[PDB]
Protein chains: 4
Amino acid sequence: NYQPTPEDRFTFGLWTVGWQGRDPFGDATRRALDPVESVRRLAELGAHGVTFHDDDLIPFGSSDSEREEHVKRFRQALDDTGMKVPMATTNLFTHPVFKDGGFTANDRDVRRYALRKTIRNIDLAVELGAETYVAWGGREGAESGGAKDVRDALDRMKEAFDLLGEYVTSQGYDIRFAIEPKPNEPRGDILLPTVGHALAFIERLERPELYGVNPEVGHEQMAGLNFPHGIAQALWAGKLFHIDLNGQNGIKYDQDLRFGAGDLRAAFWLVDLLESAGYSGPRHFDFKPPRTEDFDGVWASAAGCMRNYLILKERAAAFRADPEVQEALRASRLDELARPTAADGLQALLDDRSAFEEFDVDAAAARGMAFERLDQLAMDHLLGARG
Amino acid sequence: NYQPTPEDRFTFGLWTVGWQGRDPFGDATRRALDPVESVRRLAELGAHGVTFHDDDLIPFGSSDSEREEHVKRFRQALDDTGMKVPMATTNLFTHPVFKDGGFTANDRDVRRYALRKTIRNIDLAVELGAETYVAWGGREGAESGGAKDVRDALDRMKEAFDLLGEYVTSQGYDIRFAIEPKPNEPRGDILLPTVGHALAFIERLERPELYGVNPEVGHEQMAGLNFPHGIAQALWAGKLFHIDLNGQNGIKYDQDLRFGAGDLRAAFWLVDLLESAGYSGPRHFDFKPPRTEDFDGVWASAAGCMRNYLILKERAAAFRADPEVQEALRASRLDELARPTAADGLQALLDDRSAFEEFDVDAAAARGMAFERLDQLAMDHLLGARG
Amino acid sequence: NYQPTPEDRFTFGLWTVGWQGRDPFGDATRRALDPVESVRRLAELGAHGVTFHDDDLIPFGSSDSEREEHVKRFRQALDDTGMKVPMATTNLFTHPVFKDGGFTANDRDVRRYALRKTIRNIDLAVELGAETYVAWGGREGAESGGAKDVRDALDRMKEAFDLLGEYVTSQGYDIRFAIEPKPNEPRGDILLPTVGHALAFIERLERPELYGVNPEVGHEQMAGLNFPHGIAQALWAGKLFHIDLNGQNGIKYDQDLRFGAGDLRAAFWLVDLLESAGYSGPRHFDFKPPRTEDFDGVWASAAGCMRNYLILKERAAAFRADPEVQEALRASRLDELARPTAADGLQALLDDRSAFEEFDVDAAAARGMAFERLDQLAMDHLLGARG
Amino acid sequence: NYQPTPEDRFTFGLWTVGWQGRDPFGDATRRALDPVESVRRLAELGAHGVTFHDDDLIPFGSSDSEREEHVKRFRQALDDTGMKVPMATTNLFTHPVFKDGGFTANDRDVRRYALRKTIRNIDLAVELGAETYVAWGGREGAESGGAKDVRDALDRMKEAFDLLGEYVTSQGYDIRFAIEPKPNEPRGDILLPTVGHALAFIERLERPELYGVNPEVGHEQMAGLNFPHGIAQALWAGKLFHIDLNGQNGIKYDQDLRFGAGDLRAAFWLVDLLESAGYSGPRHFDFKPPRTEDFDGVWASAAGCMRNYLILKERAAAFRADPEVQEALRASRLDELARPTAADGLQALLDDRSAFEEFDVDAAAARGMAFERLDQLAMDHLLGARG
Ligand SMILES: [Mn+2]
Ligand SMILES: [Mn+2]
Ligand SMILES: [Mn+2]
Ligand SMILES: [Mn+2]
Ligand SMILES: [Mn+2]
Ligand SMILES: [Mn+2]
Ligand SMILES: [Mn+2]
Ligand SMILES: [Mn+2]
C-alpha cells in the first residue's frame, strides 16, 4: 500500500529517534540508544539511511581508541543492513564553550576550535560516504542588540565557510555544504534566519558553487512563512542540496513533529513541488518522537513520517494527472504564467498599443481567476473525496 | 532640542499623511488631501522631501491635459518649499486588474500592462529628480498552493526587472531600483517575503548592480524577524538603497504605526546601526496616522516620527561614546569579533595545537560573555537613566 | 455523496458571499449583491439560512419607507425559498462615528447611539425569527496604552450588555446574546480578545444566563491558540450559543478563508468535537471569497465550505467508530481520563499510601502514552488511507 | 537613584537566578546554587523575598532527615537576612512521571500522586509564611487532537482544584491559590492558555473566592496578546493575586528575559496600570539570566529587573502628574469614558431623541480622538525627552 523501500530515499538523523526527551522544563523520558540499534531498527522500517552530528556517533571527548571503536561498530551496522550515510554535520551548539556561537563566537579561540572540530568531522563524513555536509548555526546570534555586531559576525561567518571550501578543495573531496536556516531558538534571534537570507549569503562566498541550503519545514513556519514558496526559490536558484521534513503548528517553539503533522495542506503542496521539480536528494526527517512515547512509540512515529510522505505523493500525483484538474489549471491561466512576458523585447513592448494605450483594463479586471474551484479540487484529491 | 531640519533627510510618502482611513472593516474618516497641501505642511514640519505612487499624484485614468496639470501644480509646490522627491513607485495593487499581481499575474496581458504603467512612471520620477525607484509586489503571491507556480512566477519577476534595467540603461538614466519585501497582506503569502529573499533574487538578475532593497521595519517584524539583523545583512551586501521607517506590535496585520511606536528597543538598535554604518540615504516614513485622528492629529503623528528618530539618534550616540560602555564592549569581546578568525591561513590553523589538541574547552566555557551588563547600560542610555 | 441539505443547518452571512473585495490595499473587484439574490443562490446550494448586520440588509441612513421596503423584499425571498434567519448582529464598526468604538467609545454620546442602533436591530431580528444576537466589538480597544483605560472600558461594556439584557427581558423576547472574540484587527488590540476572556466577562454580567460566545476559527488562530481546545472550554461552561466556521493560515491578518482551508487538521478535530458533543446550533460560515474570484467563484467557494464540513464529518465519525481506534484510545488511557480522580474524597486520598508513600514513580513514568499511534490512525482516517 | 529596598516588594524564584542554563539544544553553563547562597545574594541586592517549587528547595526523593535539614538551613538564611517567602508552588513538570500532566494526566494514579505531592508542599508553604500558592499546569495539554478530551480534562482540573480548596479550608489555612496561564511550551497546546481562560475556569469552581490568577508578561505575549489589557481584566474581576514580571520578544519560545527587556513600551504601560490600580502584592520576577552569563552576570541581570521597574515607575508617575498630559487626557475624553453610559436607565435612553433620531452622526464622526498627541507625550515621558 504505502510501504517504504530504500528506493524512496528516506533518511533519519541519529538524534531524532535517539532523542531522550529532555526539554526546557523536563528530564529525559527514554534511555540513550546505541547508534547500532537505531541503524538496525530504521532499516527494518524501510529507511535508506541515517545522518549524524559528530557527537551523536562519538561521545564528546572520546580518546583515539574510543573514537575508532565507535566508528568501527557503526560501519559494521551499515554493512549488515545496506543503509547509507548521505549527510553529516557538526554539533556546534550543545557544549557550553559554544554558548555565544561557533563560527561567530565573540571569542577568537572558540571560532578557531569550531573550525577544527568541523574539519575533523568532514574527514569522517567523507570516510562514511556522505555527499552533503550540513551547518546549522544554532548558537549564532543574540538575545540583545549590543552583544553582536552583525556585519562583523557575517564577515566571520564568510571567513569560516571560505576556509571549509578551501579545505575540501585541497583534499579533492566531492562533498558539498548545505546551510540550515532557523529564525530563533536557542538564541533570541539567529543569523541567516530564513532560506532567503542563507541564499543571499552564499552569493558572497568565494566559491558559491560549493554551497546550498538545507531548509527545514518547521523552521520557515516559525517565521510564519510559506515553506513551499521558499523551496521554490531554492530550486529556482539551483541550491536545494538537501531538505529536512517535519511538522510545526505555527509560530512557537520548534516542535519537530512527525512529517504530515502540523500544517497538512502545506505538506501536500511541498510533496507536489518536490515531485514536480524532480528533486533527487534524500527525503530526510528531522523530528522528535514526543517525550510521552516509549520505544515502541518512537518507531511508530518514525514509520508515520514515511507513510505520510507516501500518501501525499500518491494524492499529489493524482491531482496533477486528473483531466478535470488540467482543465482548471488552464481556466486559471497557469499555462500563461509559464509563457514569457515580452519575448518580443523591450522596444516591441514599448511600441505595443495593446499593452497600454488600447488595453481594456475593465474587461481584464472582470475576468475571475477561478482559483477557488482549483483549490477545492486540490482539497478533494488530498482527502480522497473525488466523486 | 529635537527639532528636525531638511539636513536630516526625513521624507514621507504622499499616501502616508494622505491616508483617508479606510481599513478592511471601515469607511474613510478623513477627506482626501491635495498633494500640494501635503508638500506645504510637511515642509513646515522640517521634512526634506516626499515620495509618491503614480496614482497618488495623478488620479488613475487622467487624460494628458489632466496629468500635465497635476504634475505642474506639484512641481510648483516643490519649488515654493525647497522640498525634494528622492524616491517614487508604481501602484500595482489598488486597481482590480491587479487582483492576481502585476509582474507575476497569471494573465500575460496584465503583466505587459504592469510593465508599461511602471515605465511611464519611471520617466516622471526622473523628471522630478528621484534617485531610487521602489517596487512593492503586494499582489504577487497566492492564497492557495495551486494558484501560483512559484518557479514560473520568479521567472516572470526576473524578466520584468531585467526589462526595467534594460529600459533605464537605454535612456541613460541614473535611477536605481529598490525591491520592498513583505511576507503577507494583501495576499495570503507574498513572493520575496523578507530582506533575505529579495537579496537572493537580485543576484540572479542580469545587471545586479542596478538593484537593492527597500526594507520596512514593520514588514520584517510581521515574520517575527529581527529588523536590525536584516538591515545589517543588507548593508553587508552593499544593497541598502532606501529604507521605510515605522512601528509594528509583533505578528499581525500591517499596522504602519508612527516610527518609535511598536518595538521601541528595536528602533533604538536600528538607529544605532544606521548611524554607525554611515547610511546616507533618505530616512523615509511609511506610516498611517490612525483613523481615530483628525487633520491636526495627522500632522502631530508625522512630527512624532521625526522627533523619535532624533531622540534615539542622541541616545545611541551617547551609548557608543560612553567610556563605561566602551569598557563593557571590550569585556564582551566585541573587539575580538572584528578580528579575522584565521588570517594565518588554512594550513597554519590545521597545524595549530592551541586550536584543538591543546585547547582548554572547560576554561573557555567558564568565561562569561558579560552581555547582561552591556544590555543594561544600553537600556539606561535609551531611558536617560545613567547615574 | 457530500451534498448539503437544509437539515445540516448550514448558514451564511449576507456580508460573506456579498463581500465586494475591498481590502486595505485594493478597490472592489465585484458589484454589490441584492440580499434577495444571495438568499436565492444559497438556497439552491442547500443552505439552511442566512444572517445579517443591520446595514447589510438596510443601507445606512435609509428612511422609514426605504427600510420597510428592504425588509419586505427580503422576507418574500425567505418565504419563497424556506430559508431561515437564525442570527443577526449590528454593524458598530464601518461608519466613521465608531472609530473609537461603539459600546466603549470614549465619547458618551456615541455609546448611547450605539445602544439605540443595536436595540432597533434586535426588534428586527426578532421579527425575522432570530434565536441569537451576535456582538462583535471590532472597534473596542486601542493602538496605544493611554487611549483606553481598560477597567473603565470594561465597566462601560458591562453596562451596555446589562441594558440589552434588561431590554430583551422587558419585551418578553426569547433571543439570547453571543459575544464574538477577536484579538486584533481593526484595532491594534481588541477588548475581550479570546474565548476565555469573553467567558470570564460574562460571569460578571447581571443576568449571565442570557449570554454566551460566538467563537470564530480564524480569530482564535490569530492568537496562535488551539481552536478545538477553546470550543471545549465553551462547551464545558454551557456557553456555545453559536459558532463561525472558516480558515486561517496562522498568525497574520484575518483571512476568512473558506472552511477546510487553512489548518485542515484543526478543522477535523473541530468537527469531531462538535459532533461528539451534540452541538445543535447553526453551522455558520463567516468567510470571504477571495477578491481574485468572479461571481461563479463566489458560489463555488460557498459550496466548498459545506462540502468540506461534510467530508470531515464522515471521516471523524469513521475514526470514532473504528474498533482499532477504540482499542488505541484505551491503550492511551482516554477511558481513565473520564474517571474521577478522587470520588473516595479528600480524607481517603490523604490516607491512601498507594498515592504517595508507596507509589512507584519510576514504573509509572516508564509507561508510554501511545499517542503517536493514535494520531497516525487519526491521520489515516482523515486522508482515507485506512488499509 | 533607582536603588531597590525591601519596601518595594521585589521577589525572585529560586529557579530564576539558580537556572543552570540547560536549554533544548545545550548543556548547563553554570553550577547549581545552594538556596542559602541565593537568599543571601538577593537580600544584598535589595530584594524583599524569594519563592520556590518543592523540588528547588528539597531535591526530589529526599528522605525525611534530608528534607528536614534542607528546610532548616533555608529558614536560617531567611532569619539571617529578613527575607520573606510570599509564594510557593509545586513542580508537576520535570519528572518523567508527569509527561502527560499532573492534575490532568490520562493515568488516574498519576493524578492522585500529583495531588498528594501538591498537598505536602502546601503544608511547607504555610510553615514558611506564604500567602499565595501558584499552580502552573505546564504539562496539561497535548501535541495531537485525540490524546486529550478537553472537556474530561477540565472536569479533572476542576476536581483537583476543588480538593485543594477543601484541604486548605479543613486545615484553617489563610493561603489562596493563583493559576498561571501559558499558551504552549512544553506541550503543543496547554489548557487554560491565557488570563481569560483561567478567569473563566475559576468561576466554575466550588469556592471561587479562594482562586485567582498569576499572569506572566511573556506568556500572554506568546499569544500576541496585550499584557496590560489582560491585567486590567484580572483587576476588574478582583483576581490579580500575584504577578510574574519578565520580558519577551514576540511570538516564539518562552524567553524569560529580564524585566524591561523585550517589549519596553508594554512594560511602561504595565507599571502605569499596577501603580494606578494600587496593586499591593509581590513584584515577582520569573526570568532566566541568559546562559551566556557567569555568576556575576546572573546578579547583574537580577539587579536590572528591579532597576527597570523603578525607572518605569518614576516615568509613569511623571506622565500621570504632568498638567499637559492631564489636559491631553481630557482632549481625548478619558474623563467621559469613566462616566456611566445610561445612569438615567433603559426607558430614559429609549425616549432620548438625542441618542438616535436627532443624533448628528457626521459631527460626532468628524471629532478627532487626539490619541497620537497623547501617545507622543507618553513616549516623551518614558524616554526622558520632555522639553
Ligand atoms: Mn528543528
Ligand atoms: Mn534540522
Ligand atoms: Mn506597510
Ligand atoms: Mn512600504
Ligand atoms: Mn473574521
Ligand atoms: Mn465573524
Ligand atoms: Mn515563563
Ligand atoms: Mn512563571
# chains A, B, ... in the order shown; residues from 1 in each chain; ligands from 1
$ residues_near_ligand --ligand "ligand 4" --cutoff "12 Å" --atoms "only C-alpha atoms and all ligand atoms" --output "number ranges by chain"
B: 12-16, 51-53, 87-91, 134-138, 178-182, 185, 213-220, 242-247, 254-257, 284-288; C: 25
$ residues_around --residues "range 293-299 of chain A" --least-positions-apart "6" --cutoff "7 Å" --atoms "only C-alpha atoms" --output "PyMOL selection string"
(chain A and resi 17+30) or (chain C and resi 367-370+372-373)
$ interface_residues --of "chain A" --to "chain D" --cutoff "10 Å" --atoms "only C-alpha atoms" --output "PyMOL selection string"
chain A and resi 21-30+91-101+138-139+142-144+183-189+222-223+248-255+257+261-262+290-293
$ write_last_selection --atoms "C-alpha atoms" --output "PDB file, in the first residue's frame"
ATOM      1  CA  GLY A  21      13.067  13.608  25.701  1.00  0.00           C
ATOM      2  CA  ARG A  22      14.822  16.357  27.704  1.00  0.00           C
ATOM      3  CA  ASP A  23      13.054  19.661  27.066  1.00  0.00           C
ATOM      4  CA  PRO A  24      13.378  23.134  28.760  1.00  0.00           C
ATOM      5  CA  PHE A  25      11.039  22.014  31.549  1.00  0.00           C
ATOM      6  CA  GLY A  26      11.651  18.272  31.866  1.00  0.00           C
ATOM      7  CA  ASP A  27      14.047  15.383  32.388  1.00  0.00           C
ATOM      8  CA  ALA A  28      14.724  12.508  29.940  1.00  0.00           C
ATOM      9  CA  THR A  29      11.849  10.049  29.495  1.00  0.00           C
ATOM     10  CA  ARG A  30      13.855   7.469  27.424  1.00  0.00           C
ATOM     11  CA  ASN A  91      27.494  19.747  16.903  1.00  0.00           C
ATOM     12  CA  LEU A  92      28.429  23.415  17.463  1.00  0.00           C
ATOM     13  CA  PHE A  93      25.600  24.019  19.967  1.00  0.00           C
ATOM     14  CA  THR A  94      25.460  21.590  22.990  1.00  0.00           C
ATOM     15  CA  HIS A  95      28.818  22.120  24.736  1.00  0.00           C
ATOM     16  CA  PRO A  96      28.908  25.252  26.988  1.00  0.00           C
ATOM     17  CA  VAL A  97      32.028  26.504  25.064  1.00  0.00           C
ATOM     18  CA  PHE A  98      29.600  27.331  22.206  1.00  0.00           C
ATOM     19  CA  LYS A  99      27.277  29.473  24.368  1.00  0.00           C
ATOM     20  CA  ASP A 100      27.908  32.544  22.142  1.00  0.00           C
ATOM     21  CA  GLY A 101      28.408  30.621  18.875  1.00  0.00           C
ATOM     22  CA  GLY A 138      22.030  27.412  16.170  1.00  0.00           C
ATOM     23  CA  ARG A 139      24.184  29.452  18.567  1.00  0.00           C
ATOM     24  CA  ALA A 142      21.977  37.229  20.170  1.00  0.00           C
ATOM     25  CA  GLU A 143      19.393  37.972  22.895  1.00  0.00           C
ATOM     26  CA  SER A 144      20.255  41.697  22.891  1.00  0.00           C
ATOM     27  CA  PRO A 183      14.860  32.219  12.791  1.00  0.00           C
ATOM     28  CA  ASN A 184      15.218  31.813  16.574  1.00  0.00           C
ATOM     29  CA  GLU A 185      15.703  29.164  19.326  1.00  0.00           C
ATOM     30  CA  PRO A 186      18.062  28.646  21.124  1.00  0.00           C
ATOM     31  CA  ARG A 187      19.249  32.225  20.504  1.00  0.00           C
ATOM     32  CA  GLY A 188      16.737  35.105  20.711  1.00  0.00           C
ATOM     33  CA  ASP A 189      17.441  35.789  17.015  1.00  0.00           C
ATOM     34  CA  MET A 222       8.403  29.552  12.877  1.00  0.00           C
ATOM     35  CA  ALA A 223       8.604  32.831  10.897  1.00  0.00           C
ATOM     36  CA  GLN A 248       5.008  22.513  13.099  1.00  0.00           C
ATOM     37  CA  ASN A 249       1.800  24.149  14.411  1.00  0.00           C
ATOM     38  CA  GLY A 250       2.506  27.784  13.544  1.00  0.00           C
ATOM     39  CA  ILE A 251       4.581  30.366  15.345  1.00  0.00           C
ATOM     40  CA  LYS A 252       6.001  28.956  18.564  1.00  0.00           C
ATOM     41  CA  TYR A 253       8.919  26.847  19.849  1.00  0.00           C
ATOM     42  CA  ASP A 254      10.456  24.370  17.378  1.00  0.00           C
ATOM     43  CA  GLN A 255       8.156  21.352  17.747  1.00  0.00           C
ATOM     44  CA  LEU A 257       6.548  16.903  14.907  1.00  0.00           C
ATOM     45  CA  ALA A 261       1.548  16.553  11.399  1.00  0.00           C
ATOM     46  CA  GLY A 262       1.290  20.310  11.803  1.00  0.00           C
ATOM     47  CA  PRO A 290       7.141  13.265  21.653  1.00  0.00           C
ATOM     48  CA  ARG A 291       8.504  12.555  25.136  1.00  0.00           C
ATOM     49  CA  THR A 292       5.104  10.980  26.031  1.00  0.00           C
ATOM     50  CA  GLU A 293       6.230   7.938  23.980  1.00  0.00           C
TER      51      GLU A 293
END
$ residues_around --residues "residue 165 in chain B" --least-positions-apart "3" --cutoff "12 Å" --atoms "only C-alpha atoms" --output "PDB file with N, CA, C and O atoms, in the first residue's frame"
ATOM      1  N   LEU A 346      12.098  44.663 -25.361  1.00  0.00           N
ATOM      2  CA  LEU A 346      11.706  45.934 -24.760  1.00  0.00           C
ATOM      3  C   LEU A 346      11.093  46.901 -25.779  1.00  0.00           C
ATOM      4  O   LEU A 346      10.029  47.471 -25.532  1.00  0.00           O
TER       5      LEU A 346
ATOM      6  N   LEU B 115       4.140  46.443 -16.761  1.00  0.00           N
ATOM      7  CA  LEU B 115       5.424  46.988 -17.189  1.00  0.00           C
ATOM      8  C   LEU B 115       5.280  48.346 -17.862  1.00  0.00           C
ATOM      9  O   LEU B 115       6.067  49.253 -17.579  1.00  0.00           O
ATOM     10  N   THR B 118       4.552  51.001 -15.203  1.00  0.00           N
ATOM     11  CA  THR B 118       5.794  51.261 -14.467  1.00  0.00           C
ATOM     12  C   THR B 118       6.736  52.150 -15.279  1.00  0.00           C
ATOM     13  O   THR B 118       7.239  53.140 -14.754  1.00  0.00           O
ATOM     14  N   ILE B 119       6.973  51.825 -16.552  1.00  0.00           N
ATOM     15  CA  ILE B 119       7.893  52.588 -17.400  1.00  0.00           C
ATOM     16  C   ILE B 119       7.452  54.049 -17.531  1.00  0.00           C
ATOM     17  O   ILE B 119       8.279  54.959 -17.451  1.00  0.00           O
ATOM     18  N   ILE B 122       8.483  55.729 -14.353  1.00  0.00           N
ATOM     19  CA  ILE B 122       9.932  55.915 -14.252  1.00  0.00           C
ATOM     20  C   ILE B 122      10.320  57.226 -14.942  1.00  0.00           C
ATOM     21  O   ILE B 122      11.121  57.999 -14.399  1.00  0.00           O
ATOM     22  N   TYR B 133      13.828  54.087  -7.396  1.00  0.00           N
ATOM     23  CA  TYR B 133      12.515  53.670  -7.863  1.00  0.00           C
ATOM     24  C   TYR B 133      12.152  52.385  -7.124  1.00  0.00           C
ATOM     25  O   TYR B 133      12.819  51.386  -7.349  1.00  0.00           O
ATOM     26  N   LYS B 158      11.857  38.002 -12.676  1.00  0.00           N
ATOM     27  CA  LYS B 158      13.180  38.299 -13.220  1.00  0.00           C
ATOM     28  C   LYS B 158      13.065  38.967 -14.594  1.00  0.00           C
ATOM     29  O   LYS B 158      13.780  39.933 -14.899  1.00  0.00           O
ATOM     30  N   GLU B 159      12.185  38.464 -15.464  1.00  0.00           N
ATOM     31  CA  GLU B 159      12.030  39.029 -16.805  1.00  0.00           C
ATOM     32  C   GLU B 159      11.620  40.502 -16.728  1.00  0.00           C
ATOM     33  O   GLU B 159      12.144  41.375 -17.454  1.00  0.00           O
ATOM     34  N   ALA B 160      10.677  40.806 -15.823  1.00  0.00           N
ATOM     35  CA  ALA B 160      10.186  42.165 -15.619  1.00  0.00           C
ATOM     36  C   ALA B 160      11.304  43.087 -15.145  1.00  0.00           C
ATOM     37  O   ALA B 160      11.517  44.154 -15.718  1.00  0.00           O
ATOM     38  N   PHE B 161      12.015  42.687 -14.083  1.00  0.00           N
ATOM     39  CA  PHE B 161      13.105  43.511 -13.558  1.00  0.00           C
ATOM     40  C   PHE B 161      14.241  43.668 -14.565  1.00  0.00           C
ATOM     41  O   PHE B 161      14.811  44.753 -14.679  1.00  0.00           O
ATOM     42  N   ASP B 162      14.536  42.631 -15.350  1.00  0.00           N
ATOM     43  CA  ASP B 162      15.547  42.739 -16.396  1.00  0.00           C
ATOM     44  C   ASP B 162      15.140  43.749 -17.480  1.00  0.00           C
ATOM     45  O   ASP B 162      15.968  44.557 -17.928  1.00  0.00           O
ATOM     46  N   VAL B 168      16.105  51.607 -18.321  1.00  0.00           N
ATOM     47  CA  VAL B 168      16.845  52.711 -17.709  1.00  0.00           C
ATOM     48  C   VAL B 168      18.233  52.880 -18.342  1.00  0.00           C
ATOM     49  O   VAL B 168      18.694  54.006 -18.568  1.00  0.00           O
ATOM     50  N   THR B 169      18.895  51.772 -18.695  1.00  0.00           N
ATOM     51  CA  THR B 169      20.194  51.834 -19.368  1.00  0.00           C
ATOM     52  C   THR B 169      20.052  52.502 -20.744  1.00  0.00           C
ATOM     53  O   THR B 169      20.845  53.374 -21.118  1.00  0.00           O
ATOM     54  N   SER B 170      19.019  52.124 -21.507  1.00  0.00           N
ATOM     55  CA  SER B 170      18.783  52.661 -22.857  1.00  0.00           C
ATOM     56  C   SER B 170      18.567  54.181 -22.866  1.00  0.00           C
ATOM     57  O   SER B 170      18.890  54.868 -23.848  1.00  0.00           O
ATOM     58  N   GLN B 171      17.989  54.697 -21.772  1.00  0.00           N
ATOM     59  CA  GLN B 171      17.649  56.112 -21.671  1.00  0.00           C
ATOM     60  C   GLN B 171      18.767  56.922 -21.014  1.00  0.00           C
ATOM     61  O   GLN B 171      18.666  58.154 -20.969  1.00  0.00           O
ATOM     62  N   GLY B 172      19.807  56.237 -20.512  1.00  0.00           N
ATOM     63  CA  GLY B 172      20.922  56.891 -19.837  1.00  0.00           C
ATOM     64  C   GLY B 172      20.545  57.452 -18.468  1.00  0.00           C
ATOM     65  O   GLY B 172      21.204  58.368 -17.974  1.00  0.00           O
ATOM     66  N   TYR B 173      19.508  56.888 -17.839  1.00  0.00           N
ATOM     67  CA  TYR B 173      19.056  57.368 -16.538  1.00  0.00           C
ATOM     68  C   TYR B 173      20.000  56.914 -15.418  1.00  0.00           C
ATOM     69  O   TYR B 173      20.546  55.809 -15.449  1.00  0.00           O
ATOM     70  N   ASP B 174      20.098  57.746 -14.362  1.00  0.00           N
ATOM     71  CA  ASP B 174      20.915  57.472 -13.177  1.00  0.00           C
ATOM     72  C   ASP B 174      20.140  56.710 -12.092  1.00  0.00           C
ATOM     73  O   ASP B 174      20.689  56.180 -11.119  1.00  0.00           O
ATOM     74  N   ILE B 175      18.830  56.571 -12.269  1.00  0.00           N
ATOM     75  CA  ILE B 175      17.973  55.961 -11.263  1.00  0.00           C
ATOM     76  C   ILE B 175      18.308  54.479 -11.040  1.00  0.00           C
ATOM     77  O   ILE B 175      18.730  53.782 -11.964  1.00  0.00           O
ATOM     78  N   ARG B 176      18.147  54.016  -9.791  1.00  0.00           N
ATOM     79  CA  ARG B 176      18.347  52.626  -9.395  1.00  0.00           C
ATOM     80  C   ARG B 176      17.065  52.095  -8.759  1.00  0.00           C
ATOM     81  O   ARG B 176      16.240  52.851  -8.263  1.00  0.00           O
ATOM     82  N   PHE B 177      16.917  50.767  -8.728  1.00  0.00           N
ATOM     83  CA  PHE B 177      15.717  50.100  -8.232  1.00  0.00           C
ATOM     84  C   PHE B 177      15.898  49.562  -6.818  1.00  0.00           C
ATOM     85  O   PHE B 177      16.988  49.118  -6.462  1.00  0.00           O
ATOM     86  N   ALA B 178      14.818  49.572  -6.023  1.00  0.00           N
ATOM     87  CA  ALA B 178      14.814  49.012  -4.680  1.00  0.00           C
ATOM     88  C   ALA B 178      13.564  48.169  -4.479  1.00  0.00           C
ATOM     89  O   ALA B 178      12.458  48.678  -4.535  1.00  0.00           O
ATOM     90  N   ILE B 202      17.972  39.224  -6.324  1.00  0.00           N
ATOM     91  CA  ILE B 202      18.746  40.229  -7.055  1.00  0.00           C
ATOM     92  C   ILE B 202      20.000  39.629  -7.690  1.00  0.00           C
ATOM     93  O   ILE B 202      20.401  40.040  -8.790  1.00  0.00           O
ATOM     94  N   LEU B 205      19.585  38.498 -11.296  1.00  0.00           N
ATOM     95  CA  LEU B 205      19.249  39.458 -12.347  1.00  0.00           C
ATOM     96  C   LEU B 205      20.431  39.681 -13.291  1.00  0.00           C
ATOM     97  O   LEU B 205      21.571  39.410 -12.934  1.00  0.00           O
ATOM     98  N   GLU B 206      20.158  40.155 -14.517  1.00  0.00           N
ATOM     99  CA  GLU B 206      21.228  40.336 -15.498  1.00  0.00           C
ATOM    100  C   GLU B 206      22.242  41.412 -15.100  1.00  0.00           C
ATOM    101  O   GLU B 206      23.430  41.280 -15.422  1.00  0.00           O
ATOM    102  N   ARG B 207      21.754  42.489 -14.466  1.00  0.00           N
ATOM    103  CA  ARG B 207      22.571  43.633 -14.074  1.00  0.00           C
ATOM    104  C   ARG B 207      22.391  43.862 -12.575  1.00  0.00           C
ATOM    105  O   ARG B 207      21.763  44.837 -12.168  1.00  0.00           O
ATOM    106  N   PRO B 208      22.912  42.976 -11.687  1.00  0.00           N
ATOM    107  CA  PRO B 208      22.563  43.067 -10.266  1.00  0.00           C
ATOM    108  C   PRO B 208      22.912  44.400  -9.600  1.00  0.00           C
ATOM    109  O   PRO B 208      22.276  44.772  -8.616  1.00  0.00           O
ATOM    110  N   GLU B 209      23.919  45.110 -10.121  1.00  0.00           N
ATOM    111  CA  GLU B 209      24.375  46.385  -9.583  1.00  0.00           C
ATOM    112  C   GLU B 209      23.275  47.457  -9.570  1.00  0.00           C
ATOM    113  O   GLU B 209      23.368  48.403  -8.776  1.00  0.00           O
ATOM    114  N   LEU B 210      22.255  47.330 -10.440  1.00  0.00           N
ATOM    115  CA  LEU B 210      21.170  48.313 -10.540  1.00  0.00           C
ATOM    116  C   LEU B 210      20.074  48.139  -9.485  1.00  0.00           C
ATOM    117  O   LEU B 210      19.154  48.969  -9.463  1.00  0.00           O
ATOM    118  N   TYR B 211      20.142  47.091  -8.648  1.00  0.00           N
ATOM    119  CA  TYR B 211      19.036  46.731  -7.764  1.00  0.00           C
ATOM    120  C   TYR B 211      19.513  46.522  -6.334  1.00  0.00           C
ATOM    121  O   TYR B 211      20.527  45.859  -6.072  1.00  0.00           O
TER     122      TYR B 211
END
$ atom_distance --atom1 "CA of residue 278 in chain B" --atom2 "CA of residue 7 in chain B"
14.6 Å
$ select_by_dssp --residues "range 131-295 of chain B" --states "strand (DSSP E or B)" --output "NGL selection string"
:B and (132-135 or 141-142 or 176-179 or 189-190 or 211-213 or 216 or 240 or 244-245 or 247 or 257 or 259 or 261 or 283-285)
$ select_by_dssp --residues "range 144-381 of chain D" --states "alpha helix (DSSP H)" --output "count of residues only"
123
$ residues_around --residues "range 68-80 of chain D" --least-positions-apart "4" --cutoff "7 Å" --atoms "only C-alpha atoms" --output "PDB file with C-alpha atoms, in the first residue's frame"
ATOM      1  CA  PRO D  35      19.311  28.124  48.022  1.00  0.00           C
ATOM      2  CA  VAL D  36      21.089  29.627  51.067  1.00  0.00           C
ATOM      3  CA  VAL D  39      18.764  34.145  49.585  1.00  0.00           C
ATOM      4  CA  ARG D  40      21.903  35.936  50.816  1.00  0.00           C
ATOM      5  CA  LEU D  57      14.316  23.570  47.843  1.00  0.00           C
ATOM      6  CA  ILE D  58      14.363  19.810  48.560  1.00  0.00           C
ATOM      7  CA  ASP D  64      12.676  12.703  55.953  1.00  0.00           C
ATOM      8  CA  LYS D  84      10.249  36.581  53.172  1.00  0.00           C
TER       9      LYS D  84
END
$ atom_distance --atom1 "CA of residue 153 in chain A" --atom2 "CA of residue 104 in chain A"
5.4 Å
$ atom_distance --atom1 "CA of residue 343 in chain A" --atom2 "CA of residue 114 in chain B"
15.7 Å
$ residues_around --residues "residue 46 in chain C" --least-positions-apart "4" --cutoff "7 Å" --atoms "only C-alpha atoms" --output "number ranges by chain"
C: 4-6, 42
$ write_last_selection --atoms "N, CA, C and O atoms" --output "short mmCIF file (atom, residue, chain, number, x, y, z; two decimals), in the first residue's frame"
data_model
loop_
_atom_site.label_atom_id
_atom_site.label_comp_id
_atom_site.auth_asym_id
_atom_site.auth_seq_id
_atom_site.Cartn_x
_atom_site.Cartn_y
_atom_site.Cartn_z
N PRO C 4 -25.03 18.97 0.56
CA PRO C 4 -25.72 19.59 1.69
C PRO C 4 -27.23 19.70 1.49
O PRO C 4 -27.72 19.85 0.38
N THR C 5 -27.94 19.66 2.62
CA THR C 5 -29.38 19.78 2.71
C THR C 5 -29.71 20.74 3.84
O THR C 5 -28.90 20.88 4.77
N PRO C 6 -30.89 21.43 3.83
CA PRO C 6 -31.25 22.30 4.96
C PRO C 6 -31.15 21.71 6.38
O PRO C 6 -30.83 22.41 7.34
N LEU C 42 -28.00 30.86 -2.33
CA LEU C 42 -27.61 30.00 -1.20
C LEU C 42 -28.61 28.86 -0.98
O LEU C 42 -28.20 27.73 -0.70
#
